[PDB]
Amino acid sequence: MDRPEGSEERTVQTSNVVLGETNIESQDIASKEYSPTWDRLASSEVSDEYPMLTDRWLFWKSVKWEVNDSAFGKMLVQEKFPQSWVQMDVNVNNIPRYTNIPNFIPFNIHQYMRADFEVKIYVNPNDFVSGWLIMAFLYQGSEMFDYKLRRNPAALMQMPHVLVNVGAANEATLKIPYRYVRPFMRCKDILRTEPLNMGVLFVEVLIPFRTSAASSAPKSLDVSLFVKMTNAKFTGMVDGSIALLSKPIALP
Amino acid sequence: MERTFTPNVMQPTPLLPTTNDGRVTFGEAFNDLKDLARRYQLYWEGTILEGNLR
């Protein structure tokens, strides 16, 4: 801090959201970015795009991690993705609903979709705590015959990931191009596969979080996650109530 | 012609883009029954014993 206000912050505006970032990010891309071409072969109806709705960034979770519980490779986030982000809004019975959130409003009226994602993670420690986090993404990880051996952070160091150093307190951005076994994903439970299950997003604890022995120091720290879609195309307009959502299955 | 005749067509969407009869996604074009009919199939299968011969 040398100015009256601390310093010059940097701004990342998309649609009507604006995200301040004071540090140099840490970026990676889960595979090569491309322009979809065979997706026109799958559906005769025009694919609808909602750039004002879906391009917008969205706050997803806040996960709390404490000094007393940081192993090596303790999972803060282990989620089917985008399934967990899109179905984040639950009613009293924990049944998701695509109606409230304006990014997810088109998932309500369509059957199939396709889009690229960008997950961005934020940690705001003070200067005197030191740790380290890894956030990696595994394409259709849940369907893999050994999915539960790949959760060690030694395995995540290989799949596309970002690192968040808590001593430096940087941002991190993980771009995820759409890749899947079929040119679209289902938005609801139809034709009886889970909806919108493209992979698994992990957040592990690469180096455990450490603070000073002083009593008033923070023993905890927050992690926040923002997500946004990019080339989102929806197809197959139906009624909102023609299909149902059931409460999601969790990973082991 | 009455077999293919289509009166008062109401079509909600455009037609679907073509894969050239599968040649886009697989390597070959399955456009014809005469090519399917040239893959061999069983015709007659029997046994013959001595004593029901000559």
# chains A, B, ... in the order shown; residues from 1 in each chain; ligands from 1
call {"tool": "select_by_dssp", "arguments": {"residues": "stretch 38-88 of chain A", "states": "alpha helix (DSSP H)", "output": "list in words"}}
result
residues 51, 52, 53, 54, 83, 84, 85 and 86 of chain A
call {"tool": "write_last_selection", "arguments": {"atoms": "N, CA and C atoms", "output": "PDB file, in the first residue's frame"}}
result
ATOM      1  N   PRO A  51     -26.485 -15.544 -24.512  1.00  0.00           N
ATOM      2  CA  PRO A  51     -25.213 -15.002 -24.023  1.00  0.00           C
ATOM      3  C   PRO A  51     -25.369 -14.081 -22.827  1.00  0.00           C
ATOM      4  N   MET A  52     -26.440 -13.297 -22.772  1.00  0.00           N
ATOM      5  CA  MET A  52     -26.630 -12.410 -21.630  1.00  0.00           C
ATOM      6  C   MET A  52     -26.872 -13.176 -20.342  1.00  0.00           C
ATOM      7  N   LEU A  53     -27.498 -14.343 -20.433  1.00  0.00           N
ATOM      8  CA  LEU A  53     -27.736 -15.146 -19.244  1.00  0.00           C
ATOM      9  C   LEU A  53     -26.511 -15.955 -18.866  1.00  0.00           C
ATOM     10  N   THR A  54     -26.016 -16.781 -19.785  1.00  0.00           N
ATOM     11  CA  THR A  54     -25.100 -17.849 -19.388  1.00  0.00           C
ATOM     12  C   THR A  54     -23.642 -17.400 -19.284  1.00  0.00           C
ATOM     13  N   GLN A  83     -22.925 -30.883 -12.908  1.00  0.00           N
ATOM     14  CA  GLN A  83     -24.120 -31.297 -12.180  1.00  0.00           C
ATOM     15  C   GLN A  83     -24.289 -30.587 -10.846  1.00  0.00           C
ATOM     16  N   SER A  84     -23.223 -30.463 -10.063  1.00  0.00           N
ATOM     17  CA  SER A  84     -23.401 -29.869  -8.745  1.00  0.00           C
ATOM     18  C   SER A  84     -23.628 -28.379  -8.843  1.00  0.00           C
ATOM     19  N   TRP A  85     -22.938 -27.711  -9.766  1.00  0.00           N
ATOM     20  CA  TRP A  85     -23.120 -26.276  -9.900  1.00  0.00           C
ATOM     21  C   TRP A  85     -24.494 -25.943 -10.429  1.00  0.00           C
ATOM     22  N   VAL A  86     -24.973 -26.685 -11.430  1.00  0.00           N
ATOM     23  CA  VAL A  86     -26.266 -26.341 -12.008  1.00  0.00           C
ATOM     24  C   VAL A  86     -27.388 -26.747 -11.078  1.00  0.00           C
TER      25      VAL A  86
END
call {"tool": "residues_around", "arguments": {"residues": "residue A:151", "least_positions_apart": "3", "cutoff": "12 Å", "atoms": "only C-alpha atoms", "output": "PyMOL selection string"}}
result
chain A and resi 72-79+134-138+141-142+144+146-148+154-159+200-206+251-252
call {"tool": "closest_atom_pairs", "arguments": {"of": "chain B", "to": "chain A", "cutoff": "12 Å", "atoms": "only C-alpha atoms", "output": "CSV"}}
result
residue,atom,partner,partner_atom,distance
B:11,CA,A:45,CA,11.3
B:12,CA,A:45,CA,8.8
B:13,CA,A:45,CA,5.8
B:14,CA,A:44,CA,6.2
B:15,CA,A:44,CA,5.9
B:16,CA,A:44,CA,4.5
B:17,CA,A:41,CA,5.7
B:18,CA,A:41,CA,7.2
B:19,CA,A:41,CA,7.5
B:20,CA,A:41,CA,11.2
B:22,CA,A:41,CA,11.0
B:24,CA,A:38,CA,9.4
B:25,CA,A:38,CA,9.0
call {"tool": "closest_residue", "arguments": {"among": "A:7, A:234, A:131, A:217", "to": "residue A:48", "atoms": "only C-alpha atoms"}}
result
A:234
call {"tool": "atom_distance", "arguments": {"atom1": "atom CA of residue A:31", "atom2": "atom CA of residue A:174"}}
result
10.6 Å
